[PDB]
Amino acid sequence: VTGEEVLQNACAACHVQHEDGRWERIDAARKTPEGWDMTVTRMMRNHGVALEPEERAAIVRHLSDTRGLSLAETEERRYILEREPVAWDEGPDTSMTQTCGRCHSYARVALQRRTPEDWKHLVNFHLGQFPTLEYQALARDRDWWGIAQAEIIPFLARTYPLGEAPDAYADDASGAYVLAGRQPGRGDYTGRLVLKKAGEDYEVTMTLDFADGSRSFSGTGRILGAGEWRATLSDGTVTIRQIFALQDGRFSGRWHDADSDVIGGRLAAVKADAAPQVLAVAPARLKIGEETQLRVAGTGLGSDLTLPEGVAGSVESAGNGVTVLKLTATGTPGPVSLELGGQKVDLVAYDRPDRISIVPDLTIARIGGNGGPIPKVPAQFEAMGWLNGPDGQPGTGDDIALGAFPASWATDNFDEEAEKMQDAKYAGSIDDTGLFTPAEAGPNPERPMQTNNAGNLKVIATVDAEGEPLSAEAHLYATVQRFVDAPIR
């Protein structure tokens, strides 16, 4: 099934094709693959447009290939496409944030390009589909409709003009790649990614090598538009999704568990045969006076090592995308650099962190299961270490990062009111890897008013670095389920 086919056999029943060739609405806007998907879903859902599985995938794909955005146009907003759990979303100003990012992310707006006329239709679509919109908080406090027409629509048209769709990705991405990345809660990894063209798609196998073992997933993937890589891979009963950006033969992005997007990893991948290039080094810090193993992931790094003053050590192995080093710094705490295969590698020497911060420091978890069709939504935390940097500091935009440190995790009531309710007792528990698992959904007759197993919690992490006074907290809202969700929140 082709896009042209669905466009003529399904879309044309309501959408007019002008003598100009352009389609009504269809050609007045550009958005991401996820964006076009949500639009097609609404056509099927709201306007009874019958679409077979292949037709649906076909037009969605066709729209992403012809009317998508450039990778540069998604900059700053990829967090919403990747389901990145540690994110911050807002509009360009208070007005826009309040009127457009109060239901869904403002990122859903910023990832679209339209003509002034179409932005008008879109705002008319909102008040027409959700008429109570103008009665809700942040809307009933003002002349919503009046301001939508005078200020909001002209802002959208002015700020996100149609422009022109980029050229589709034309090239063969098949081949072996070397990768490196991290999975919060588990750690760093290296690995391989191989693609085998199959029609317009690619067969894909991604192998992840953690210090405690490796695992491979296999499935299908494809490139949409200028460079949006999307793939679904499996291994046993586990399924993951890749949401990458492909540019200059290099993949960059996030993959996640298909049954829980909060769980996943970030990575970068380049052709296995590429010229000398460093992808990452793990760990990226050195505990002064102590010899440590370091894994420098990349291509053609070989074993030519030129170490700086304060660090001594050697190369233990090389090849297959990773060069293992064995160093030891003896200088003073601070940023250190070396060369390998002529490529720069940055590290940080230290003896003890000046402080640790919890990432995310503000987040949510959602109750689930308990016989219901909606599974729990966990929250992954990690304790990051730091150095006050050059300014004295204790916490300003200056600082030097040390990376994630192993820690002891605990939850507690956020405040007095929460204690009275015994939130920490019912909201769930956090394990030693900093993974918070929420409680069962549904009313709990054991709590007052038989309320849900929700709670206003505090997450405290304590890393055992000597020197010793080290701890940090995070704010966790163990809240209720969401019955509406979408590719782009």
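One-based numbering along the sequence shown.
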Average Cα temperature factor in the PDB entry - higher stretch of 38-46, 51-59: 51-59
Mean Cα B-factor comparison, 143-151 or 412-420, giving the higher one as deposited: 412-420
Given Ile223, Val377, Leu179, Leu338, the residue at which the Cα B factor reaches its maximum: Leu338
Residue of maximum C-alpha B factor among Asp118, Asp351, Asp235, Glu84, per deposited coordinates: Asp351
For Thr306, the third of its chain into which the C-alpha B factor falls: highest
CA B-factor placement of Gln293, once the chain's modelled residues are sorted into thirds: highest
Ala454 by Cα B-factor - lowest, middle or highest third of the modelled chain: lowest
Position of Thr190 among the chain's modelled residues by C-alpha B-factor, lowest, middle or highest third: middle
Third of chain Cα B-factors occupied by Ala439: lowest
